[PDB]
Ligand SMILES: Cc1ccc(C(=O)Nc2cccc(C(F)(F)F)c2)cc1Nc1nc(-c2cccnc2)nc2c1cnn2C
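Heads up, the chain below is alone and in the form solved without this ligand; it's given as structure tokens.
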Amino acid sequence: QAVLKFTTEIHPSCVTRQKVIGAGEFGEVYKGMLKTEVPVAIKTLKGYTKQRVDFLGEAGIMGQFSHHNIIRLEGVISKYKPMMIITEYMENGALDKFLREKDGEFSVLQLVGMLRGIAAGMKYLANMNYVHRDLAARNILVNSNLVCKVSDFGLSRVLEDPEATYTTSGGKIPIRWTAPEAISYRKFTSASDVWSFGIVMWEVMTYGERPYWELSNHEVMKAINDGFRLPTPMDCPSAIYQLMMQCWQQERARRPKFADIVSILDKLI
């Protein structure tokens, strides 16, 4: 229950690591095979220490989801060493790195498609009363058919509903991606995730530019509360930038919902 559902336990003899594909905060990430024979991603723990309870907690959150645009959990290994979380394998890896690798190789219309998938995943998340709190292109994964899936559930929290708010006591947060009210007043809502989705749209339409460039976190914060918003990316359709700006309304209640975002994006496609 904390969190043994829907966490299918997997036996180590079913898992075959073949190569390192990345390093998380928790350990290496591998590409491998799973048998019950399918390709998977395998997340390991390192002398790790309670860094373990957090590690497996992410999987516990992830296992409650079943959606096209949310990363699928195959299962965990929690009895043996090293500990492992097994998910569906995504060929093209993280979305920001992938767009930088392939700049100018996608049409505006294909990019909007990628965003519609993310928006669809987030809409599902919000209907499950979750707020993600860490929505960024680095946390969207891309499969070999360019389908984008939301992936990184460490910072996620259950909500509740007029003001379904998570008030944090603190922690590390991705400053450039976070709504002003969540930085300043610690209030996180699906509307603050909508702010984050705006920044993700910008990252996508710029082919992986770092939001706010080389401004420091401290300058970004003063700017954002001085009414600064990020400029239109080159060749960005007005309608898409107008949507970004809606996501970046200073007042959270003036921001669109994820359900609205999906409709607007479908229309433009």
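Sequential numbering from 1, following the sequence displayed. Superpose the two forms; the largest set of C-alphas matching within 1.5 Å is the rigid core.
If you look for the form deposited with this ligand bound, you will not find it shown, but the lines that follow are about it.
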property: Open or blocked, once this ligand is placed by superposing site C-alphas in the deposited bound form (3+ ligand atoms within 2.4 Å of backbone or C-beta means blocked); result: blocked
property: The unique member of 34, 205, 224, 29 whose heavy atoms fall within 4.5 Å of this ligand in the deposited bound form; result: 29
property: This ligand contact in the deposited bound form: residue 85, any heavy atom under 4.5 Å; result: yes
property: Interface membership of residue 230, this ligand in the deposited bound form, 4.5 Å heavy atom rule; result: no
property: 4.5 angstroms heavy atom contact with this ligand in the deposited bound form for residue 151; result: yes
property: This ligand contact in the deposited bound form: residue 22, any heavy atom under 4.5 Å; result: yes
property: Contact segment among 233 to 241, 216 to 224, 196 to 204, 59 to 67, judged by heavy atoms lying within 4.5 Å of this ligand in the deposited bound form; result: 59 to 67
property: Residues 43, 90 and 141 all lining this ligand in the deposited bound form, heavy atom within 4.5 Å; result: yes
property: Within 110 to 137, the residues that have a heavy atom no more than 4.5 Å from this ligand in the deposited bound form; result: 125, 130, 132
property: Core-superposed comparison between this form and the one not shown - Cα displaced by 2 angstroms or more, from 112, 126, 94, 83; result: 83
property: Per-residue C-alpha change between this form and the one not shown, residue 25, threshold 2 Å, rigid core fit; result: yes
property: Post core alignment: residue 56 C-alpha displaced by 2 Å or more between this form and the one not shown; result: yes
